[PDB]
Amino acid sequence: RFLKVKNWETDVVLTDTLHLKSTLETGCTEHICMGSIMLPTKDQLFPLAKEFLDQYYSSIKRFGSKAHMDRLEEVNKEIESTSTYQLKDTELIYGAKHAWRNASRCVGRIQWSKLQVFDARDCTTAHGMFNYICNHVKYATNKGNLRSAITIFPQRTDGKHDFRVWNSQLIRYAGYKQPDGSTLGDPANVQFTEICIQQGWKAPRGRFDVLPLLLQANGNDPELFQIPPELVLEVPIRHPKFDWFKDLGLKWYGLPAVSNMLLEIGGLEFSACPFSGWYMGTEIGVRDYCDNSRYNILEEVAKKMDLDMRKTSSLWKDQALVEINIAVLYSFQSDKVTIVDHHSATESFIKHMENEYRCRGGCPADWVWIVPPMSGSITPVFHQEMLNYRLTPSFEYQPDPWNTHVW
Amino acid sequence: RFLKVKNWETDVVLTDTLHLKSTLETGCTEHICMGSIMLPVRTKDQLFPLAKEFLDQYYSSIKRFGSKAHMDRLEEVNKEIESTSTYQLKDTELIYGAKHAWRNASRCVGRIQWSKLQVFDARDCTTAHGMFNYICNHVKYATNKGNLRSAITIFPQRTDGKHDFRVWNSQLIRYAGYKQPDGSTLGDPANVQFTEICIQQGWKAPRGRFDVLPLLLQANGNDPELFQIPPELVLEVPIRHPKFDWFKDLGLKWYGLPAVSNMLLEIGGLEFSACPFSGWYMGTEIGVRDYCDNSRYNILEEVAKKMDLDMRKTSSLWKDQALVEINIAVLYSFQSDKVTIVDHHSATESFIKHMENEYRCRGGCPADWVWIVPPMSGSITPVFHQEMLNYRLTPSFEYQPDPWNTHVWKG
Ligand code: HEM
Ligand code: HEM
Ligand SMILES: Cc1cc(N)nc(CCc2cncc(CCCN(C)C)c2)c1
Ligand SMILES: Cc1cc(N)nc(CCc2cncc(CCCN(C)C)c2)c1
Ligand SMILES: C[C@H](O)[C@H](O)[C@H]1CNc2nc(N)[nH]c(=O)c2N1
Ligand SMILES: C[C@H](O)[C@H](O)[C@H]1CNc2nc(N)[nH]c(=O)c2N1
Ligand SMILES: [Zn+2]
């Protein structure tokens, strides 16, 4: 019931007690592990509020205080009267930071307590949402010196007045099916692009077209807005050794900003809560550029390198992969846009884990997501046993709104 | 009940029904996943259902389920269990059981080969000397002058747990490791403890960087005995690089035969505590783990120096760059010497086809994503994008305690 995790490189053993506070389910059972699966009322609400408010008041060393009891008292009355309750600014900020702290798939959590929280609970229209998001984007970008941020829109009420950002990330590139049968742009975004066009977006039909925002306020029909082009910082990709690399015409955006997840705090649900940090290079260099279902550039780079592509065992794919990831890091660094390489980031996470075990009794981590998509075992996280479990406040997946929306 | 897995690269969705046959625990609960944890004397009462489950599976596989031959065999085993408290497998059942333990091994990416396994029945073995002879024969057969053949040798099953056969070596072929008084390590740092045991048992250590360890062999619960595998039976490959002529001067080599000898084979409730098995190497096992783990030969720095990479900051990816070259060299070297080896692209591609075939014809394929995905270049192999279900089927290979921690010394 008290669990040990071992690092097989260092022999360091940590003891996890924090897992005994998990509430949400994993998907696994005693008979089957689903560790590699990507997507596995007043009565209900008050214990959730209490559990959260208890952890909040413990965090500021006023557990069992009159102010603690008074708050609990106040929230219980508000739930009985109004069926929901409103978080204090202090609680909203605490909850947001802790949702990130609890994000088991995030390698960047050493940064968790440094999060700028934008309270957008006063927002009422899609135009309001657009303004808030532009300001988030500009703040977080900070001319290349990225700062972590989250913007939090009004909480779900009856579920018929949800605020949603229809985009999965604030900044993504369009994807288009060609008559030629090929795909132009980002293939992962063909469907969403179709929806934008359907809603009246005039698509430029290029390879790196920043998608417009599709914003839904108060359960109303989503509306289209274009992020000011000057607020979208992009980096052209070149290589320090290969002069030809620039000729590939590759670029990527500087701001990684997830916009499709649900923030749960104290049983309240924030269905629109875009958040952003800064990139780890492999995200772009390995996944965005080299996934066969994405920009899929391996072959073209390998040819430019004149590698022997006849046999898998020449490791031409692996060689081209490294160079692509070298180019990504070099380009961001040259343009002074914050980026972290997978060695530095995973080393940070190990230190974070050790801090968390030492001061919190554990750190929920998903090894399948934490280990980088290249060079796994030369990063320290590969050798680190991790326990995965769900704590609240949390960021959760939610259904894509076009399957949900009654137009 | 039906469970679906999806491949996120291809959108191929498979449906698992085989998991309904799973028995042992995973380590996970509804509240915690232990998917990245490495390591998460039977009564007759528990033995017959296990024997019967196995025999039913065996007779189904040969299309004789419910036959008189099937029923007579259940009867025969029941009587043997009630009479002698255990039972003996037929040779056909032993071979079936061993192939299926491999087929069921969720951490093994090489399972497309499972039906092709040479099974050496060593159940008539009685002494450590006898074990040595069987193991030499396995090494020679499996090696086959570089054209490797999968094989397993099966020593007598556990009885009262006080007469266990054990191979104390975790693998049949490994290099010695020596801890120096200055704290540095010579040879393979992973094998320091076991090397010390061997020396204590009387092994004369040459004290070099690549000394093949002797076999330490325990028969019938007796104290283990040392034997040196004939050097001419141990195939090794000097490592060189096709473009970098200095790579040979790193002085690296490795053995051709990967052979696990510390696992327990369970078939029909019987426990085979000494069952060494071997296949052929996937390149990354040597090039990534053996050579580049910080806790092993740890050659990344020296290699990157010789390539004159920028080692001042990690973001030059000098480690990744050197890592690829080392792995090219291992593959090049084995191929040049005509010793069987498979690259991680070939092996994972073959695994995906195996896995799909298993879903179609068997209703599933238990797989541990954490072990299946190679230790370099993960997401440019197809297994990275493949959702897997991990569960445990028998016959199976299991971990067991290291013998030095549990052995009662006779003296
Ligand atoms: C500041 C530097 C940060 C770094 C280096 C970082 C790194 C990463 C990486 C590499 C991933 C995997 C993404 C993928 O493979 O799709 C990830 C996932 C995630 N991150 Fe972080 N992140 C950072 C900031 C943040 C912030 C500010 C938050 C929340 C406020 C956050 C919450 C999450 C969540 C919930 C996931 C899982 C997303 C999903 O399931 O798709 N991260 N992070
Ligand atoms: C024939 C070619 C084979 C290939 C290419 C192959 C490949 C692999 C690889 C790469 C691993 C991971 C090794 C590690 O990281 O320590 C592994 C593990 C494993 N293999 Fe296979 N293997 C082969 C044959 C076999 C055979 C013949 C058996 C048994 C009859 C077997 C059973 C297992 C088991 C039980 C594991 C898990 C070992 C552990 O938990 O330490 N494999 N295999
Ligand atoms: C907060 C945060 C930080 C970070 N380093 N990465 C992310 C991921 C952001 C991201 C941006 N564009 C595109 C994607 C694609 C993700 C699709 N995955 C889920 C298959 C993801 C988020
Ligand atoms: C049957 C089989 C096939 C294969 N390709 N690899 C193996 C593993 C072989 C192997 C050989 N020497 C040493 C090791 C060390 C493994 C260390 N792990 C368990 C921590 C492993 C076994
Ligand atoms: C099937 C498997 O879970 C899937 O491919 C996962 C693996 N690990 C990952 N890890 C990260 N960080 N991001 C991902 O999208 C994935 N994809
Ligand atoms: C902690 C983690 O489970 C451990 O380092 C695992 C990861 N995956 C692995 N995969 C293989 N094939 N072999 C290994 O030894 C490991 N080690
Ligand atoms: Zn699990």
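Per the deposition metadata, X-ray crystallography was the technique used to determine this entry, at a resolution of 1.828 Å.

### Things to note about the sheet that holds strand β18 (residues 394–396) of chain A
All names here are of chain A. Pairing in this open sheet of 3 strands is antiparallel, and the strands run β14-β13-β18 from one edge to the other. The open sheet has two edge strands with one neighbour each: β14 (268–270) and β18. Here the strands of the sheet are splayed against their neighbours by 30° on average, with no regard to which way each runs. Across 3 bridges, the pairing between strand β13 (residues 262–265) and β14 is antiparallel. What sits directly across from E264, in β14, is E269.

### Points about the site of ligand 3
Residue and element names in this part refer to chain A. Close to ligand 3 lie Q169, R172, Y253, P256, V258, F275, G277, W278, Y279 and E283. Contact between ligand 3 and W278: a nitrogen atom at 2.9 Å from a main-chain N or O atom of the residue. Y279 is positioned with one of its side-chain polar atoms (N or O) 3.5 Å from a nitrogen atom of ligand 3. The fraction of the free accessible surface of ligand 3 (560 Å²) that becomes covered by protein chains is 66%. Broken down by class, the residue content of the shell around ligand 3 amounts to 6 nonpolar, 2 polar and 2 charged.

### Looking at the coordination of the zinc ion (ligand 7)
Protein-derived coordination of the zinc ion (ligand 7) comes from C28(A) (SG), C33(A) (SG), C28(B) (SG) and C33(B) (SG), at a distance range of 2.3 to 2.4 Å. Coordination at the zinc ion (ligand 7) is tetrahedral: its 4 donor atoms span angles of 100 to 121° at the metal. With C33(A) in the loop between β2 (13–16) and α1 (42–59) and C28(B) in the loop between β2 (13–16) and α1 (44–61), this pair bridges two chains. Residue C33(A) shares its accessibility class with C28(B), and that shared class is buried.

### Structural notes on the coordination of the iron atom of ligand 2
Among all protein atoms, only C108(B) (SG) binds the iron atom of ligand 2, sitting 2.4 Å from it. Turning to its location among the elements, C108(B) is positioned in the loop between α3 (91–103) and β3 (118–121).

### With respect to the site of ligand 6
Near ligand 6, the surroundings consist of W367(A), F382(A), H383(A), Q384(A), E385(A), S36(B), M38(B), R289(B), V370(B) and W371(B). Among the chains of the assembly, those with residues near ligand 6 are chains A and B. In this structure, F382(A) approaches ligand 6 through a main-chain N or O atom, which is 2.7 Å from an oxygen atom. Backbone polar atom of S36(B) to an oxygen atom of ligand 6: 2.8 Å apart, as the coordinates give it. The fraction of the free accessible surface of ligand 6 (400 Å²) that becomes covered by protein chains is 86%. Here the shell around ligand 6 is composed, by residue class, of 5 nonpolar, 3 polar and 2 charged.

### Focus on the state of the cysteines
Across all of its chains, the model carries 0 disulfides over all chains by this definition. Of the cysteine sulfurs around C363(A), a residue in no disulfide, the closest is that of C106(A), at 9.8 Å. By relative accessible area, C363(A) is classed as buried at 1%. The thiol of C125(B) is unpaired, and the distance to the nearest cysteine sulfur, on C136(B), comes to 12 Å.

Rules used throughout
- Residues numbered from 1 in each chain as written, not as in the entry; some residues may be left out.
- Chains lettered and ligands numbered in written order.
- Heavy atoms only, no water.
- Pairing = 2+ DSSP bridges.
- Helix = DSSP H or I, 4+ residues; strand = E, 2+ residues; numbered from the N terminus.
- Axes fitted to C-alpha atoms, helices over the stretch in contact; angles between N-to-C directions.
- Near = heavy atom within 4 Å.
- Polar contact = N/O pair within 3.5 Å; in protein donor to acceptor, adjacent residues only side chain to side chain.
- Areas by Shrake-Rupley, 256 points an atom, 1.4 Å probe, with all protein chains shown as cover.
- Nonpolar A, V, L, I, M, F, W, Y, C, P; charged D, E, K, R; others polar.
- Donors = N, O, S within 2.8 Å, 3.2 Å for Na, K, Ca; no water.
- Tetrahedral: all angles 85-135°; square planar, octahedral: opposite > 155°, others 65-115°.
- Buried < 20%, exposed > 50% of the residue type's maximum accessible area, 1.4 Å probe, protein only.
- Disulfide = S-S within 2.5 Å.

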